[PDB]
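In what follows, a structure is listed as structure tokens, so that the remarks can point back to it.
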2 protein chains.
Amino acid sequence: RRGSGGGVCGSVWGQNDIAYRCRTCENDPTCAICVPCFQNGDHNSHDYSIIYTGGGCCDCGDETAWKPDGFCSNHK
Amino acid sequence: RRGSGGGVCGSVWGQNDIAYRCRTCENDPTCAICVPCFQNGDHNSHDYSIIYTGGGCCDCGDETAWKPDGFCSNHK
Ligand SMILES: [Mg+2]
Ligand SMILES: [Zn+2]
Ligand SMILES: [Zn+2]
Ligand SMILES: [Zn+2]
Ligand SMILES: [Zn+2]
Ligand SMILES: [Zn+2]
Ligand SMILES: [Zn+2]
């Protein structure tokens, strides 16, 4: 199966790449979205943080990993 | 175990690699098959599209991801 199937970002991170955690939007504490997806969505007043990913894939557009209100303009 | 052969393709994609979505053959909207397997199969009149994968692996030969009549000639 493909990582961007079903309208999901799936941008792939290297081990030391930064991304965003958003405690307001996440399904669980391992979820995260890429900086572009964060910047093209609405997380005003959310409890978000820049994190080091340890690799992985962006969850934006995946409703089983991230609340849809937290999707960016390209995956909403 | 082996990655390919044994009636399974398993080709692994990078983030930006293209592949084929075939809505006629897919088990679900996140499935995809690699360009060689698409070109070695029968998708005449199927509703297929070239897509960007976001990584992942080819579903050709995996009956839980892809209808067998959409398997290429090399993965049964
Ligand atoms: Mg036709
Ligand atoms: Zn993203
Ligand atoms: Zn997004
Ligand atoms: Zn948020
Ligand atoms: Zn293949
Ligand atoms: Zn094949
Ligand atoms: Zn097909």
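To be explicit about the labels: the chains of the structure tokens are called A, B, and onward in the order shown, and within each one the residues are counted from 1, while ligands get numbers from 1 in the order they are shown.
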Within 8 Å of residue A:65, counting only C-alpha atoms, which residues show up once you throw out same-chain ones fewer than 6 positions away? Write them as a list in words, please. residues 26, 27, 28, 31 and 59 of chain A
Residues of chain A near chain B: apply a cut-off of 8 Å, count only C-alpha atoms, and supply the list as a list in words. residues 1, 2, 3, 4, 5, 6, 9, 10, 11 and 12 of chain A
If we count only C-alpha atoms, what is near residue B:41 at a cut-off of 10 Å, once residues fewer than 4 positions away on the same chain are taken out, given as a count of residues only? 10
Cα-based least-squares overlay of chain B on chain A, as a PDB file with C-alpha atoms, in the first residue's frame:
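Output contents, as saved in out-v7.pdb:
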```
ATOM      1  CA  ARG B   1      -0.915   1.917  -3.181  1.00  0.00           C
ATOM      2  CA  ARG B   2       0.371   5.492  -3.297  1.00  0.00           C
ATOM      3  CA  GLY B   3       2.290   7.043  -0.431  1.00  0.00           C
ATOM      4  CA  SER B   4       0.660  10.470  -0.505  1.00  0.00           C
ATOM      5  CA  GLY B   5      -2.567  11.898  -1.794  1.00  0.00           C
ATOM      6  CA  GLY B   6      -5.888  10.246  -1.472  1.00  0.00           C
ATOM      7  CA  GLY B   7      -6.483  12.505   1.518  1.00  0.00           C
ATOM      8  CA  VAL B   8      -3.311  11.505   3.366  1.00  0.00           C
ATOM      9  CA  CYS B   9       0.091  13.171   3.609  1.00  0.00           C
ATOM     10  CA  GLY B  10       2.395  10.271   4.499  1.00  0.00           C
ATOM     11  CA  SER B  11       5.608  12.368   4.362  1.00  0.00           C
ATOM     12  CA  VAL B  12       8.389  10.248   5.903  1.00  0.00           C
ATOM     13  CA  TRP B  13      10.979  11.733   8.264  1.00  0.00           C
ATOM     14  CA  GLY B  14      14.587  10.970   8.988  1.00  0.00           C
ATOM     15  CA  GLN B  15      15.831  10.600  12.526  1.00  0.00           C
ATOM     16  CA  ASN B  16      16.686  14.264  13.109  1.00  0.00           C
ATOM     17  CA  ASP B  17      13.933  15.922  11.064  1.00  0.00           C
ATOM     18  CA  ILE B  18      11.726  18.473  12.828  1.00  0.00           C
ATOM     19  CA  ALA B  19       7.930  18.413  12.783  1.00  0.00           C
ATOM     20  CA  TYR B  20       5.086  19.815  14.885  1.00  0.00           C
ATOM     21  CA  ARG B  21       3.445  18.268  17.916  1.00  0.00           C
ATOM     22  CA  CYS B  22      -0.039  19.683  18.492  1.00  0.00           C
ATOM     23  CA  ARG B  23      -1.548  18.572  21.780  1.00  0.00           C
ATOM     24  CA  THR B  24      -4.944  19.969  20.793  1.00  0.00           C
ATOM     25  CA  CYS B  25      -5.135  17.917  17.588  1.00  0.00           C
ATOM     26  CA  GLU B  26      -3.194  14.735  18.347  1.00  0.00           C
ATOM     27  CA  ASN B  27      -4.954  11.395  18.822  1.00  0.00           C
ATOM     28  CA  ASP B  28      -2.161  10.382  21.235  1.00  0.00           C
ATOM     29  CA  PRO B  29       1.200  11.800  22.334  1.00  0.00           C
ATOM     30  CA  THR B  30       3.164  10.022  19.561  1.00  0.00           C
ATOM     31  CA  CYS B  31       1.368  11.766  16.673  1.00  0.00           C
ATOM     32  CA  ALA B  32       2.894  14.620  14.692  1.00  0.00           C
ATOM     33  CA  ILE B  33       2.476  16.519  11.450  1.00  0.00           C
ATOM     34  CA  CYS B  34       5.035  17.871   9.021  1.00  0.00           C
ATOM     35  CA  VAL B  35       5.914  21.564   8.902  1.00  0.00           C
ATOM     36  CA  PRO B  36       4.087  22.232   5.568  1.00  0.00           C
ATOM     37  CA  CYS B  37       0.901  20.593   6.799  1.00  0.00           C
ATOM     38  CA  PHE B  38       1.116  22.571  10.067  1.00  0.00           C
ATOM     39  CA  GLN B  39       1.585  25.804   8.100  1.00  0.00           C
ATOM     40  CA  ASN B  40      -1.372  24.977   5.836  1.00  0.00           C
ATOM     41  CA  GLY B  41      -3.750  24.280   8.748  1.00  0.00           C
ATOM     42  CA  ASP B  42      -5.486  26.098  11.600  1.00  0.00           C
ATOM     43  CA  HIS B  43      -3.830  25.676  14.987  1.00  0.00           C
ATOM     44  CA  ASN B  44      -4.589  29.107  16.388  1.00  0.00           C
ATOM     45  CA  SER B  45      -4.570  28.928  20.214  1.00  0.00           C
ATOM     46  CA  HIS B  46      -3.643  25.260  20.068  1.00  0.00           C
ATOM     47  CA  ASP B  47      -0.903  23.932  22.341  1.00  0.00           C
ATOM     48  CA  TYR B  48       1.727  23.072  19.711  1.00  0.00           C
ATOM     49  CA  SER B  49       5.522  22.737  19.803  1.00  0.00           C
ATOM     50  CA  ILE B  50       8.332  22.170  17.318  1.00  0.00           C
ATOM     51  CA  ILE B  51       9.865  18.749  18.028  1.00  0.00           C
ATOM     52  CA  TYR B  52      12.486  16.354  16.696  1.00  0.00           C
ATOM     53  CA  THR B  53      10.743  13.355  15.190  1.00  0.00           C
ATOM     54  CA  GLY B  54      13.077  10.408  15.537  1.00  0.00           C
ATOM     55  CA  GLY B  55      11.732   9.403  12.156  1.00  0.00           C
ATOM     56  CA  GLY B  56       8.225   8.296  11.313  1.00  0.00           C
ATOM     57  CA  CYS B  57       5.567   9.793   9.089  1.00  0.00           C
ATOM     58  CA  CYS B  58       3.159  12.715   9.072  1.00  0.00           C
ATOM     59  CA  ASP B  59      -0.276  12.012  10.490  1.00  0.00           C
ATOM     60  CA  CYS B  60      -2.118  14.733   8.532  1.00  0.00           C
ATOM     61  CA  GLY B  61      -5.255  13.356   6.900  1.00  0.00           C
ATOM     62  CA  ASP B  62      -5.353  10.212   9.079  1.00  0.00           C
ATOM     63  CA  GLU B  63      -8.382  10.590  11.359  1.00  0.00           C
ATOM     64  CA  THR B  64      -7.114   7.704  13.521  1.00  0.00           C
ATOM     65  CA  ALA B  65      -4.015   9.744  14.355  1.00  0.00           C
ATOM     66  CA  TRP B  66      -5.142  13.377  14.114  1.00  0.00           C
ATOM     67  CA  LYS B  67      -8.374  15.311  14.608  1.00  0.00           C
ATOM     68  CA  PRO B  68      -9.863  16.317  11.230  1.00  0.00           C
ATOM     69  CA  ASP B  69     -10.285  19.975  12.157  1.00  0.00           C
ATOM     70  CA  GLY B  70      -6.459  19.947  12.405  1.00  0.00           C
ATOM     71  CA  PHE B  71      -5.992  18.623   8.871  1.00  0.00           C
ATOM     72  CA  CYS B  72      -4.220  20.994   6.502  1.00  0.00           C
ATOM     73  CA  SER B  73      -6.045  22.491   3.523  1.00  0.00           C
ATOM     74  CA  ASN B  74      -4.568  19.854   1.174  1.00  0.00           C
ATOM     75  CA  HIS B  75      -5.392  16.619   3.065  1.00  0.00           C
ATOM     76  CA  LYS B  76      -9.092  17.494   3.580  1.00  0.00           C
TER      77      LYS B  76
END
```
Those in chain A with strand (DSSP E or B) from DSSP, as a PyMOL selection string: chain A and resi 2+12-13+18-22+26+33+48-52+56-57+66
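These are the residues of stretch 23-59 of chain A assigned helix (DSSP H, G or I) by DSSP from backbone coordinates: residues 35, 36, 37, 38 and 39 of chain A.
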